[PDB]
Amino acid sequence: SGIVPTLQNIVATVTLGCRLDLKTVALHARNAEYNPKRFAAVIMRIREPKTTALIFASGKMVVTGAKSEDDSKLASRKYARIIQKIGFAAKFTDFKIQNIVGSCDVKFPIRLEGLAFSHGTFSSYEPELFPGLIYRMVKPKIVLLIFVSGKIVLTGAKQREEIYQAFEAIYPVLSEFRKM
DNA sequence: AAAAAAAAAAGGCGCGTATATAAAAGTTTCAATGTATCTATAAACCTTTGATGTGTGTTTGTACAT
């Protein structure tokens with residue numbers, strides 16, 4: 061392989077443990093996008109770490125755009141601190157990353173036609189809307205989006221580690237299906 | 001001939017085309033349930049019309065003044 065699956069989004073859940081006044085949360089924040097007509101969750105974008113989070117009336121926050129487990133975790137801790145400054149005793153309790161989506165590259169042109177045709181059972185293709193293949197692995201259970209540019213979009217894991225394992229499993233397939 | 005307002009016109013903002021990831025909230029759609037509202041329909045009445053025993057009626061025989 062020799063290629064790290066480069067994460068582009070990490071979505072995580074944080075139980076602040078309080079019924080947050082989403083109106084006051086929006087009011088006391090600096091740049092927060094909350095109005096009920098789209099969702100029941102204040103969405104805040106913090107530039108450091110730059111993450112976008114929706115926090116619900118349950119006080120549960122789901123965070124996206126992180127580049128690491130620690131980007132999301134530190135961002136969520138900052139989010140809880142911001143909520144506490146707002147006035148609600150937010151606390152980092154029973155945190156869990158619900159999604160780790162990444163894009164990386166293997167850089168060798170691929171016979172995507174070969175894979176999809178011979179892995180019709182596993183991968184399906186209708187190249188007249190979107191030129192990417194969809195592949196599944198159960199161990200680890202990662203779904204992977206493949207495009208001729210070599211871009212690999214690995215999704216379906218709470219951790220980047222399942223991303224890494226399925227990438228170490230799928231890059232050999234890619235090189236096998238490398239078009240030249 | 002000169003001043004002012006709208007259109008002619010394009011390129012790009014920015015997310016629909018996929019697009020899967022997952023939690024978080026909510027909607028709408030589907031089907032069983034409930035109900036007043038059609039209807040026929042045969043079972044209620046009212047009137048009709050053909051068949052009907054018989055009250056009244058033609059012969060028999062009568063006490064009864066005449």
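The opening position of the first sequence corresponds to residue 61 in the deposited numbering, with each subsequent residue numbered one higher.
Using N, Cα and C, we set each Cβ at its ideal position, and we do this for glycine too.
- [ ] With distances taken Cα to Cα, identify the nearest neighbour of residue 220 among 157, 74, 194.
- [x] By 1-based counting over the first sequence, the position of residue 220 is 160. Residue 157 is the option with its Cα nearest to residue 220.
Open item on the list: For a test of the three-state rule: what should DSSP assign to residue 192, helix, strand or coil?
Closed with: In the first sequence, residue 192 corresponds to position 132, counting from 1. Correct three-state label for residue 192: coil.
- [ ] Could you tell me whether the Cβ atoms of residue 126 and residue 69 are closer together than 8 Å?
- [x] On the first sequence, position 66 is the one that residue 126 refers to. On the first sequence, position 9 is the one that residue 69 refers to. Cβ distance < 8 Å, so residue 126 and residue 69 count as in contact.
- [ ] Using alpha carbons as the reference points, say which of 88, 206, 66, 96 lies closest to residue 170.
- [x] Here residue 170 corresponds to residue number 110 of the first sequence, with the count starting at 1. Looking at the Cα atoms, 206 is the closest of the given residues.
Open item on the list: Output needed for residue 176: all residues of its chain with C-beta closer than 8 Å, excluding positions within five of it in sequence on either side, in chain order.
Closed with: By one-based count along the first sequence, residue 176 stands at place 116. Result list for residue 176: 183, 184, 185, 193, in chain order.
Open item on the list: For the pair the segment 148-162 and the segment 69-83, tell me if three or more CB-CB distances fall below 8 Å.
Closed with: yes
Open item on the list: Is it buried or exposed, residue 236, if we count other Cβ atoms within 10 angstroms and call 16 or more buried?
Closed with: Walking along the first sequence from the start, residue 236 turns up at place 176. That one is exposed.
Task: Every unbroken beta strand (DSSP E) within the segment 156-215, with a cutoff of 3 residues, ordered by chain - done: 193-196, 203-206, 211-215
- [ ] Compute the Euclidean distance between the alpha carbons of residue 88 and residue 132, then round it to the nearest angstrom.
- [x] Along the first sequence, one-based indexing puts residue 88 at 28. Along the first sequence, one-based indexing puts residue 132 at 72. Approximately 22 Å, taken between the alpha carbons.
TODO: Mark residue 96 as exposed unless 16 or more other C-beta atoms lie within 10 angstroms of its C-beta, in which case mark it buried.
DONE: In the first sequence, residue 96 corresponds to position 36, counting from 1. Burial call: exposed.
Open item on the list: With H, G and I counted as helix, E and B as strand and the rest as coil, what does DSSP make of residue 98?
Closed with: Here residue 98 refers to the residue found at position 38 when the first sequence is read from its first residue. Here residue 98 sits in coil by DSSP.
Task: Nearest-angstrom beta carbon gap, residue 160 and residue 80 [assumed within contact, 8 Å] - done: In the first sequence, the residue the question calls residue 80 occupies position 20. In the first sequence, the residue the question calls residue 160 occupies position 100. Not a contact, Cβ separation roughly 26 Å.
- [ ] Find out if the Cβ-Cβ distance for the pair residue 223, residue 234 is shorter than 8 Å.
- [x] Locating residue 223 in the first sequence gives position 163, where the first residue counts as 1. Locating residue 234 in the first sequence gives position 174, where the first residue counts as 1. Cβ atoms of residue 223 and residue 234: not closer than 8 Å.
Task: Other residues of its chain near residue 241: CB distance less than 8 Å, five sequence neighbours each side excluded - done: Summary: the structure shown does not reach residue 241, with the chain confined to residues 61 through 240, and so no result is reported for it.
- [ ] Tell me, please, which residues DSSP counts as bridged to residue 106.
- [x] As a first step, residue 106 is located in the first sequence; it is residue number 46 there, counting from the start. Looking at the DSSP assignment, residue 106 forms a beta bridge with 111.
Task: Beta-carbon contacts of residue 102 that lie in its chain and below 6 Å, excluding the five residues immediately before and after - done: On the first sequence, residue 102 is found 42 positions in, with the first residue counted as 1. So the qualifying residues of the chain are 82, 85, 86, 92, 94, 115.
Task: Per DSSP, cross-strand counterpart(s) of residue 120 - done: Numbered from its first residue, the first sequence carries residue 120 at position 60. 75.
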